[PDB]
Every structure is written in structure tokens, then in C-alpha cells.
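Counting in UniProt numbering, the sequence shown runs from 114 upward without gaps.
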Amino acid sequence: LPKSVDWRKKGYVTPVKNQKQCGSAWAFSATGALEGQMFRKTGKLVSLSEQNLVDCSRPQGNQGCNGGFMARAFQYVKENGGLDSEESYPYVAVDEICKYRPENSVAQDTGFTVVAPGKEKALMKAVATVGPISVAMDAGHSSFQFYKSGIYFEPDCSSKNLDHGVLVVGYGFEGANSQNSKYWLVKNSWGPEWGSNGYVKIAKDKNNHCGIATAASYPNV
Ligand SMILES: [Cl-]
Ligand SMILES: [Cl-]
Ligand SMILES: [Cl-]
Ligand SMILES: [Cl-]
Ligand code: NA
């Protein structure tokens, strides 16, 4: 596999978004993975609608602003036949009436692929060969809230009890040796002001730190 990957440098990733006071990170993680796969298929980068997922995917087991899961969002897009653009179905950060319009759909998927749980090497292969990957993580720490630079490593992090969905856009390493001081490049949904332009470097191959490889998946387009 490549020594490093960064799908932002290839046009696969939209500018950083902000979920605000709504527990919809699972929806931003799912739209980020679908934006990359639609870009790989068509060559067009189009921002997708988190609000469409928040308002319409309760039957699949999501709970809008009270939480949800990326696989359930990809299941909804498959059963639904489509997903509207961010432009046509804007984000308001509260649970609202489902206003899905097929004529405004700009994306589709046939289901999703799961990365084997807990396998950082399996996540590395998916990121190198597919594009950005949806992942769950333990983000419940002040050290994450105030992250700004460096490789994030928190002793209090759990690899099994997770509470936040994010998007792995690549991986890399510090220095000249590609085999040490490794990190995952992660896009968050707390706005560009959070973290480093809305991103964080999370320690890689340090025993599945913060659970990044515990529940990873991507849509099949
Ligand atoms: Cl459940
Ligand atoms: Cl999931
Ligand atoms: Cl840094
Ligand atoms: Cl940057
Ligand atoms: Na920084």
C-alpha cells in the first residue's frame, strides 16, 4: 500500500461543515463518504444533504439529532433510491419533516461495505484503494475538544465505547521513516474553526486508538 494518502489533494472532499447543536455527526460522516464515491464515479464534487438523512432515515433506525449510524444512512439511501444535494435540502440542525425530492437527487448507493472490525490494516487498505471512509470514534474528551496540532493520543480513549462519527480522508507519517509516528487524517463536522482547519491527526497503529477501525464502512456506488 502507499506510504501516505490524502484524498483532499485529489478533489474528493468538500469544505468542512458544522453540525452545530444537533447529534447528527453520523449524517456528516455518511455524506462525506458518499461525496467521495460520487466524485470517483463522475468527476463532480457535489455537497450532499445531511438534513435529508436527519429527517428521513428514522425507519432504518436513525434518530435524527439524537444520534444514528453511518451504515443505517447508507441503507436508507439504497432503499430510498437517492439523496438530495445540500443546496436543495439545506441543513438547519433540528429534526424536521422529511422533504426528500427525487428530482433533486444527486447520489445513489447499492448498499455498503464493512471494514473488518478492529483491523487498522484493513482500514488502511480501504482508504488507499477506495477513497474517504466513514468511521466511528470516542470523541468524548476535553483534549479532543481543544485539539489544535500534533498526533492526537488520549489515554482515556476507548476502542469499543464510541460516540461520534467522522471521516478518514487519508493517512501519513511524521519525519522520514514511513514506519513510525503514523497518523490517520480525519475530517470532523465541528466547523473549520475547530481543530486544525476542521481536521485532526489521530495516532495510527497504536492499538486502534479511539476505535477508528472498530466500525468503519463505505457506500457502494
Ligand atoms: Cl439500535
Ligand atoms: Cl455505522
Ligand atoms: Cl501537526
Ligand atoms: Cl490543512
Ligand atoms: Na494545527
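Each residue gets a CB set at the ideal place from its N, CA and C atoms; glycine is no exception.
task = Would you list the one or two residues that DSSP bridges to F286?
result = The residue labelled residue 286 in the question sits at position 173 within the sequence shown. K295.
query = Can you pull every residue whose C-beta falls closer than 7 angstroms to some heavy atom of ligand 4, listed in chain order?
reply = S309, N310 and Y312
query = Secondary structure at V129, three-state DSSP: helix, strand or coil?
reply = Residue mapping note: residue 129 aligns to position 16 of the sequence shown, counting from 1. Coil, per DSSP.
task = Compute the Euclidean distance between the alpha carbons of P128 and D168, then round it to the nearest angstrom.
result = Along the sequence shown, one-based indexing puts residue 128 at 15. Along the sequence shown, one-based indexing puts residue 168 at 55. Here the alpha carbon of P128 sits roughly 23 angstroms from the alpha carbon of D168.
request  = Find the nearest neighbour of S309 within the set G177, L298, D318 and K319, judged by alpha-carbon distance.
outcome  = Within the sequence shown, the letter at position 196 stands for residue 309. With respect to the C-alpha of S309, the residue from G177, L298, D318 and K319 having the closest C-alpha is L298.
message = Classify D251: buried if its beta carbon has 16 or more other beta carbons within 10 angstroms, exposed otherwise.
response = The sequence position of residue 251 within the sequence shown is 138, counting from 1. When all chains shown are included, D251 counts as buried.
Secondary structure of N179, DSSP reduced to three states = As a position in the sequence shown, residue 179 is number 66, starting the count at 1. Note: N179 maps to strand in three-state DSSP.
inquiry  = Count Cβ pairs between the segment 177-191 and the segment 149-157 that sit closer than 8 angstroms; are there 3 or more?
reply    = no
task = Measuring alpha carbon to alpha carbon, tell me which of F182, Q258, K133 and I325 ends up nearest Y204.
result = As a working mapping, residue 204 is identified with position 91 in the sequence shown. Taking only the C-alpha atoms, the option nearest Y204 is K133.
inquiry  = For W120 and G283, which I take to be in contact (beta-carbon distance under 8 angstroms), what is that distance rounded to the nearest angstrom?
reply    = What you label residue 120 is simply residue 7 of the sequence shown in a count that begins at 1. What you label residue 283 is simply residue 170 of the sequence shown in a count that begins at 1. Right, the Cβ-Cβ distance comes to about 6 angstroms (below 8 angstroms), so this counts as a contact.
message = Quick check: the Cα distance between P230 and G181, rounded to an integer number of angstroms?
response = Walking along the sequence shown from the start, residue 230 turns up at place 117. Walking along the sequence shown from the start, residue 181 turns up at place 68. In a straight line, the C-alpha of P230 is about 18 angstroms away from that of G181.
ask   = Are the segment 309-326 and the segment 245-259 in contact at 8 angstroms, needing three or more beta carbon pairs?
value = yes
key: Between the CA atoms of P268 and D197 - distance to the nearest angstrom   = On the sequence shown, residue 197 is found 84 positions in, with the first residue counted as 1. On the sequence shown, residue 268 is found 155 positions in, with the first residue counted as 1. Between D197 and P268, the C-alpha separation is close to 40 angstroms.
key: Exposure label - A239; buried when at least 16 CB within 10 Å   = By one-based count along the sequence shown, residue 239 stands at place 126. In the assembly as shown, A239 is a buried residue. Its beta-carbon has 16 or more other beta-carbons within 10 Å.
request  = Between the Cα of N333 and those of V243, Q164, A235 and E199, spot the shortest distance and give me the residue it belongs to.
outcome  = Within the sequence shown, numbered from 1, the residue matching residue 333 stands at position 220. Of the candidates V243, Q164, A235 and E199, the one whose C-alpha sits nearest the C-alpha of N333 is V243.
request  = With DSSP as the reference, please indicate the residues paired to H277 in a beta bridge.
outcome  = Taking the sequence shown and counting its residues from 1, one reaches residue 277 at position 164. Answer by DSSP bridge pairing, in chain order: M250.
message = Looking at the strands, I want to know which residues DSSP matches up with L161.
response = Numbered from 1 along the sequence shown, position 48 holds the residue referred to as residue 161. Partner(s): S198.
query = Quick one: complete beta strand (DSSP E) runs, 3+ long, within the segment 218-246?
reply = 218-220 and 225-227
query = Any idea which residues DSSP pairs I315 with across the strands?
reply = On the sequence shown, residue 315 is found 202 positions in, with the first residue counted as 1. Answer by DSSP bridge pairing, in chain order: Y265 and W297.
message = Please state whether the Cβ-Cβ distance between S160 and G278 is less than 7 angstroms.
response = Start at 1 with the first residue of the sequence shown, and residue 160 comes out as number 47. Start at 1 with the first residue of the sequence shown, and residue 278 comes out as number 165. Against a cut-off of 7 angstroms, the Cβ pair of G278 and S160 comes out as no contact.
ask   = For the putative contact between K295 and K317, defined by C-beta atoms under 8 angstroms, what is the C-beta separation to the nearest angstrom?
value = What you label residue 295 is simply residue 182 of the sequence shown in a count that begins at 1. What you label residue 317 is simply residue 204 of the sequence shown in a count that begins at 1. About 4 angstroms; that satisfies the 8 angstroms criterion.
ask   = Are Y265 and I315 touching if we call contact CB-CB under 7 angstroms?
value = Here residue 265 refers to the residue found at position 152 when the sequence shown is read from its first residue. Here residue 315 refers to the residue found at position 202 when the sequence shown is read from its first residue. Yes; because the gap between Cβ atoms is below 7 angstroms, this pair is in contact.
query = Measuring CA to CA, which of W303, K319 and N320 is closest to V313?
reply = Numbered from its first residue, the sequence shown carries residue 313 at position 200. Ranking the options by Cα distance to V313, first place goes to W303.
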